[PDB]
Amino acid sequence: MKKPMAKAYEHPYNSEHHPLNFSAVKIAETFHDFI
Amino acid sequence: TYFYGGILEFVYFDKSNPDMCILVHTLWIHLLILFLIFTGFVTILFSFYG
């Protein structure tokens, strides 16, 4: 088995709690955390 | 009083001197209350997550 790559690119401005791009899905998660 | 004053009238002299304290954190609390009211307006009528 060939040694795979260590890691791919890691975006310096995208996180799971602060996603860079916007959609109603992330607003839905923050909404249900509130109520 | 005789030359430049009015009639000598009997009143009750309040010793307690009320004064509304002009504070900063009272407006913070007031904004927090209106923020709950506005969020409830959004939560009921502008929530499309379900």
Side-chain angles (χ1 to χ4, degrees):
Chain A
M1 175 185 177
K2 295 178 55 181
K3 182 181 179 185
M5 292 185 54
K7 57 177 295 181
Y9 185 76
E10 180 175 354
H11 199 271
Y13 295 99
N14 190 36
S15 62
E16 186 179 353
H17 184 57
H18 294 274
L20 181 58
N21 296 320
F22 298 91
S23 62
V25 186
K26 184 56 183 180
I27 307 181
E29 172 182 51
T30 58
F31 176 70
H32 283 98
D33 296 3
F34 160 56
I35 59 171
Chain B
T1 300
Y2 178 80
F3 287 117
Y4 317 115
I7 312 174
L8 290 178
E9 302 175 345
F10 283 91
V11 301
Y12 291 129
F13 184 72
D14 194 2
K15 291 299 186 61
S16 57
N17 293 255
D19 187 21
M20 299 305 299
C21 198
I22 300 95
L23 293 174
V24 175
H25 66 93
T26 52
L27 189 49
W28 291 342
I29 270 69
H30 181 63
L31 291 177
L32 177 65
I33 297 183
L34 299 181
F35 182 53
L36 168 63
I37 297 180
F38 181 76
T39 304
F41 180 70
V42 176
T43 306
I44 300 303
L45 297 177
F46 295 92
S47 60
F48 317 109
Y49 325 108

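So you know, we letter chains A, B, ... as the sequences are listed, proteins then strands, and number each from 1.
- Here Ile27(A) sits in one hydrophobic cluster together with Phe31(A), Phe34(A), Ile35(A), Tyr49(B); the rule is ILVMFWY side chains under 4.5 Å apart, joined directly or through other members.
- Not counting sequence neighbours, the partners of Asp14(B) by the side chain to side chain donor-acceptor pair (under 3.5 Å) test are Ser16(B).
- If you chain together ILVMFWY residues whose side-chain heavy atoms come under 4.5 Å of each other, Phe22(A) ends up in a group of its own.
- Scanning for salt bridge (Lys or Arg N to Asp or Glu O under 4.0 Å) contacts around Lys15(B) gives an empty result, with sequence neighbours left out.
- Distance check: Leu31(B) CG to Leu34(B) CG gives 6.5 Å after rounding to the nearest 0.5 Å.
- Clustering of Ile, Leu, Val, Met, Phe, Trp and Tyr by side-chain heavy atoms under 4.5 Å joins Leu45(B) with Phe38(B), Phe41(B), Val42(B), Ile44(B), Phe46(B), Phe48(B).
- Each salt bridge (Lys or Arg N to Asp or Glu O under 4.0 Å) pair with one or both residues in residues 8-33 of chain A, not counting sequence neighbours, appears once here: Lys7(A)-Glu10(A), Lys26(A)-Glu29(A).
- Within the structure, side chain to side chain donor-acceptor pair (under 3.5 Å) pairs that include any residue of residues 18-47 of chain B do not occur (at least two apart or interchain).
- Not a single side chain to side chain contact (heavy atoms under 4.5 Å, CB included) links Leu32(B) to another residue, sequence neighbours left out.
- Applying the under-4.5 Å side-chain rule to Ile, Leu, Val, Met, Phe, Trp and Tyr, the cluster around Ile7(B) consists of that residue alone.
- In this structure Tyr4(B) satisfies the side chain to side chain contact (heavy atoms under 4.5 Å, CB included) test with no other residue, sequence neighbours excluded.
- The side chain to side chain contact (heavy atoms under 4.5 Å, CB included) check on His11(A) picks up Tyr9(A), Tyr13(A), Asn14(A), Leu20(A), with sequence neighbours excluded.
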